[PDB]
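Worksheet: the structure to be examined is printed underneath.
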Amino acid sequence: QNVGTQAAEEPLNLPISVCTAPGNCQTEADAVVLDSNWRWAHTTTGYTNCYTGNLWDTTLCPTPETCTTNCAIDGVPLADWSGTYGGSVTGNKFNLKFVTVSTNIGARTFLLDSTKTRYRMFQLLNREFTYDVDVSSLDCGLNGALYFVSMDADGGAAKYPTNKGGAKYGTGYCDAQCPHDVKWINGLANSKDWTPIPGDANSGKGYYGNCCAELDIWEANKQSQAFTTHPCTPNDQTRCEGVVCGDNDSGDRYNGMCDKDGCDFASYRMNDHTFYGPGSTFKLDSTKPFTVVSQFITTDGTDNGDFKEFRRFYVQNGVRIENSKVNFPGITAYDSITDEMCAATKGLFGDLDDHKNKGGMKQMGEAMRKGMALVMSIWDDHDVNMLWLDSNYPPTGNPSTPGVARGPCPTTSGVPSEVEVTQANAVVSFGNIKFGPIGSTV
């Protein structure tokens, strides 16, 4: 995309901590940038929309190349962050409102480095990543997500010279779902064969998808939470078409370059329904804030080893809370993501181990070694109504069959039109982000 001249781009300042030992950290003066999908797209030498509602203008965008020549994405000024997009920062806390009323629904954002010209790339192997979260106002059907993806640090600017904005304009998004709803891919409008998504007034799908590796630290609302590894072959940003995208709609979910299911550790799905929930007698009380700690263990305990284990623990009101465990007869009580856990649990659930097909923890680790961009988002799910996260999936499945039940939400929950009314004022908060060696962040 070209860059427009109507509004300066002003990312929100967000300090994080880089740590060397427990309680010995230094501030890193980073910032938050809005994903290019949420930006106004208009004519390069005017005010005329190139995209309105869920459609590209066919006169301006008869082809992707013409669209890209004629159109530009514009900046987010400071005033518009809260007023238009529902984003705000107080000290080291970042807040994202779900619906902001001209009416904005959801948000996806990235962490910029201290220069505000590149994404802050995190080399996560043999490191610990930690943050405080509040998901108390997110119920069934919503997801306040924090995760990493194998985006380029410059959003693709060096690879795709028609991308003028780079990381500064939140470009280059890709993930392990190979999404077609990304409006700008490889420096070009994804306007070919663009199709609105029914019941989604703001979104559509273009000819291409954009694939890359994804490490989900946090997919969650107050009812259920998960962390998940998604390797791809290769891991780096890859525009896809046809079978390579692994499109759900053509029966290709397991035929593409990315592991779409991922290998998940989701406490409720692993059959501990009392670990996490909205109340003081759950082990971890989702009505109150808490700290989420993630440790990425290698084979030799060094930065050069292969990724072998994703460990997790929590801190809430000064109380250390170890992760829940897998709880099925004849299955080891795993409390972390490893290749063995993935094989054993997917075996039990009858899920295809595409994680293993894509190179497993080792391949996931190669993405983490090269460095990944931090994503913070809030969203509802127009495909599957978040049932995969917090309900029975498939909805018609027996909840006593291992793998089906992922949370207590009813199978009628999560319809975007309903959650966008009922949960309009939901806000996820991510704060006090800390990064360092294992054992350094609490």
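Ligands are numbered from 1 in the order shown, chains are lettered A, B, ... in the order of the structure tokens, and residues start at 1 in each chain.
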Proximity check segment 341-394 of chain A to segment 213-223 of chain A, 9 Å, nearest pairs one decimal Å, only C-alpha atoms, as a Markdown table:
```
| residue | atom | partner | partner_atom | distance |
| --- | --- | --- | --- | --- |
| A:364 | CA | A:213 | CA | 7.1 |
| A:367 | CA | A:213 | CA | 6.6 |
| A:368 | CA | A:215 | CA | 8.4 |
| A:372 | CA | A:214 | CA | 8.5 |
| A:389 | CA | A:220 | CA | 7.4 |
| A:390 | CA | A:223 | CA | 6.5 |
```
Residues of segment 140-162 of chain A that approach segment 414-432 of chain A to 8 Å or less, counting only C-alpha atoms: could you list each one with the shortest pair of atoms and its distance in Å to one decimal, rows by chain and increasing residue number, as CSV?
```
residue,atom,partner,partner_atom,distance
A:140,CA,A:414,CA,5.9
A:141,CA,A:414,CA,3.5
A:142,CA,A:414,CA,7.0
A:144,CA,A:428,CA,5.8
```
May I have the residues from that selection written out with C-alpha atoms, as a compact mmCIF listing (two decimals), in the first residue's frame?
```txt
# COMPACT_ATOMS: atom_id res chain seq x y z
CA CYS A 140 -18.66 -16.48 25.72
CA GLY A 141 -18.00 -15.62 22.06
CA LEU A 142 -15.19 -13.09 22.61
CA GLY A 144 -8.80 -11.15 23.94
```
Given the choices A:135, A:8, A:167, A:67, which gets closest to residue 288 of chain A if the distance is worked out from only C-alpha atoms?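 Ranked by minimum distance to residue 288 of chain A, first place goes to A:135.
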Once DSSP has gone over the backbone, tell me which residues of segment 149-188 of chain A are in strand (DSSP E), as number ranges by chain. A: 149, 184-185, 188
Could you work out how far atom CA of residue 145 of chain A lies from atom CA of residue 99 of chain A, giving the answer in Å with one decimal? 15.6 Å
With only C-alpha atoms as the counted atoms, please give the residues lying no more than 8 Å from segment 332-345 of chain A, apart from itself and same-chain residues fewer than 6 positions off, as a list in words.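 Listing them by chain and then by number gives residues 228, 263, 264, 265, 308, 309, 310, 311, 312, 323, 324, 325, 326, 353, 355, 356, 360 and 361 of chain A.
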Can you pull out the residues contacting segment 148-154 of chain A? Cut-off 8 Å, using only C-alpha atoms, and skip same-chain residues under 5 positions away; I want them as a ChimeraX atom specification. /A:117-121,166-168,172-175,212-217,235-237,367,371-375
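If only C-alpha atoms are the atoms counted, then among A:93, A:39, A:164, A:320 the closest residue to residue 80 of chain A is A:39.
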One decimal, in Å: what's the spacing between atom CA of residue 434 of chain A and atom CA of residue 122 of chain A?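 Going from atom CA of residue 434 of chain A over to atom CA of residue 122 of chain A, I get 11.5 Å.
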Name all residues at most 7 Å from residue 41 of chain A (count only C-alpha atoms; drop same-chain ones fewer than 3 positions away) and give them as a PyMOL selection string. chain A and resi 49-51+71-74
Please report the interatomic distance between atom CA of residue 197 of chain A and atom CA of residue 137 of chain A in Å with one decimal. 26.8 Å
